[PDB]
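Single-structure report; data block below.
In this analysis, Cβ positions are derived from the backbone assuming ideal geometry, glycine residues included, and neighbour counts consider all displayed protein chains. Any read-out appearing in this document is the output of simple, stated calculations on the displayed coordinates, not a laboratory observation.
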Number of protein chains: 2
Amino acid sequence: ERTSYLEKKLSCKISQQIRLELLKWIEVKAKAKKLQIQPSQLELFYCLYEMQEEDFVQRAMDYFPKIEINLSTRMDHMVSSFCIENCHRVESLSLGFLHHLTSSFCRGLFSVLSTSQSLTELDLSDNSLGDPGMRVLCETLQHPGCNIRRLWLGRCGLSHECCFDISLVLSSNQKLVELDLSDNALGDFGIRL
Amino acid sequence: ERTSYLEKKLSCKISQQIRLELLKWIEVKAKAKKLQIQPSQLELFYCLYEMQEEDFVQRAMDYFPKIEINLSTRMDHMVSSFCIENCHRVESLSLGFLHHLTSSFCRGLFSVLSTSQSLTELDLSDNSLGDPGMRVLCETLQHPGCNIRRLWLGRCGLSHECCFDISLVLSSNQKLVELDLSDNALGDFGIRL
């Protein structure tokens, strides 16, 4: 840390050894098949966000094939945003909302997905993401380079008026191959759009 | 009438004189400025529909600059349909519904308007014409040759889902110059469409 007398009284020999041990530990927890509740993926990202080191988080998070995130607070959005913005090996991604669904908040995190090349699948099912939240999602999907192929939107709070935006991304983006809208209260008008 | 012994026992001399007198009478009632309740425009069309003579109704109804019609029954739709289908001098037209709003009924009358060259104004305001009725109206408006310029749709039972059809006729027909949608319960989504 950039503090004057908090850098040069400590020893780099142990810190460098600590860095490798922490890097090794992240892989150990990431490869832990058992559902250890306390070292959750979100908790690791809290430590990873505290790194503020560009190259270290690049190699440390490269041990994340599948990402499953549940979010509760505004700070939870930025800690996750700093991770996904440089995760170049993510294949499947998901979000969990329990509360920030306004376009002034979810836009920052959703803008990350559109700029992620390795991203292929987005699982937003079983959420209360409303139409205004759905509207900003389609705005990000229209961004060129969005490599998302399959999105699951089951049990979402989507209504008929959301289908207008979804028709736009289909008419623009050619990357979507699989679309799921199961368990939505959209009528015949929604299919018409 | 094509009955055998109902043509050749009566005298054509009086009937020809009657034809001119009836033709004169229609103009007399048509030019009557006072609001004589009993010889209403609909009542005259009942007599005009009973003509079944193509050329006579052409010249007889040419004394109709403004047409104001109120309809109640299915038979009322066909008597009016037979008139408007050959009225080549109509400028302003209107309808009155009090009950046949299903597309299986109003389509026959609405198909007449699209094929009327002289027609310029359509006043459908203050009616309970719903979205399914509005949908078939936009289907007829897309027909080429529809010379309707100004339509008034105030106080109609139109909802948000009707605006999808109206956006189509605008994107296709270039004849509309004035559109009125005052007093409708369409939200921000309706304007969005």
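In square nanometres, what is the average projected area of the Cα convex hull of the stretch A:130-193?
Numbers: hull surface 15.6 nm².
With the hull built on Cα positions only, its mean projection is 3.9 nm².
Once you've got the Cα coordinates, tell me which of A:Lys34/A:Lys66; A:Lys66/A:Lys175; A:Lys24/A:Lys66; A:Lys33/A:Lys175 are over 26 Å apart.
From A:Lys34/A:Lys66; A:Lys66/A:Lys175; A:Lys24/A:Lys66; A:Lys33/A:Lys175, over 26 Å: A:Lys33/A:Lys175.
If you find the alpha carbon centre of the stretch A:174-192 and of the stretch A:20-49, how far apart are they in angstrom?
37 Å
In nm to one decimal, list the spacings between the A:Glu121 label point and its equivalents in the other copies, with label points set 7 Å along Cα to Cβ, shortest first.
For A:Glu121, the other copies' label points sit at 6.4 nm, shortest first.
Less than 17 Å apart at the alpha-carbon level, and either on another chain or at least 8 residues along: which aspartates and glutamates does that give for B:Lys13?
B:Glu1, B:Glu21
Have a look at the stretch A:106-151 and give its Rg and Dmax from the Cα atoms, expressed in angstrom.
So, for the stretch A:106-151, Rg and Dmax equal 10.2, 27 Å respectively.
How large are Rg and Dmax for chain A when calculated on the C-alpha trace, in angstrom?
My reading of the Cα-based Rg and Dmax gives 19.3, 70 Å.
Say a label goes 7 Å from Cα toward Cβ at B:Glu85 in every copy; what distances in nm does this one have to the rest, shortest first?
Nearest first, the other copies' label points are 7.0 nm away.
How big is the stretch B:58-133 in terms of Cα radius of gyration and Dmax, in angstroms?
Cα only, the stretch B:58-133: 12.0, 37 Å (Rg, Dmax).
Count neighbours as other Cβ atoms within 10 Å of each site's Cβ, and list the trypsin sites (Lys or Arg not before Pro) in the stretch B:110-158 that are DSSP loop with at most 15 such neighbours.
B:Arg149, B:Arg155
From the label point of B:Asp62, set 7 Å along Cα to the beta carbon, how far off in nm is each other copy's matching point, shortest first?
Spelled out, the distances from B:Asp62's label point are 9.1 nm.
At 4 °C and 1.567 mPa s, what whole-number value in µm²/s does Stokes-Einstein give for the translational diffusion of the protein assembly as shown, with Rh from the Kirkwood sum over Cα pairs?
Taking Rh from Cα pairs, D becomes 47 µm²/s.
Just how many % of Cα pairs in the stretch A:1-68 lie over 16 Å apart, if you round to the nearest whole percent? Before the final figure, lay out the partial values.
Numbers: 1224 of 2278 pairs.
I get 54 percent for the Cα pairs in the stretch A:1-68 exceeding 16 Å.
Pull up all non-local amide H partners of A:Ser94: gap of 5 or more, or a different chain, and H-to-H distance under 5 Å with H placed in the peptide plane.
For A:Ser94, whose amide H was placed from the backbone, the distant partners under 5 Å are A:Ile67, A:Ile69, A:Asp123.
Can you give the calculated 222 nm mean residue ellipticity of chain A, where each DSSP H run of n ≥ 4 adds -39,500 (n - 2.57) and the sum is split over every residue, rounded to the nearest 500 deg cm²/dmol?
Values: 8 runs with 85 residues, N = 193.
When only DSSP H runs of four or more count, the value is -13000 deg cm²/dmol.
Going by Cα centres, the stretch B:113-169 and the stretch A:76-104 are how many Å apart?
47 Å
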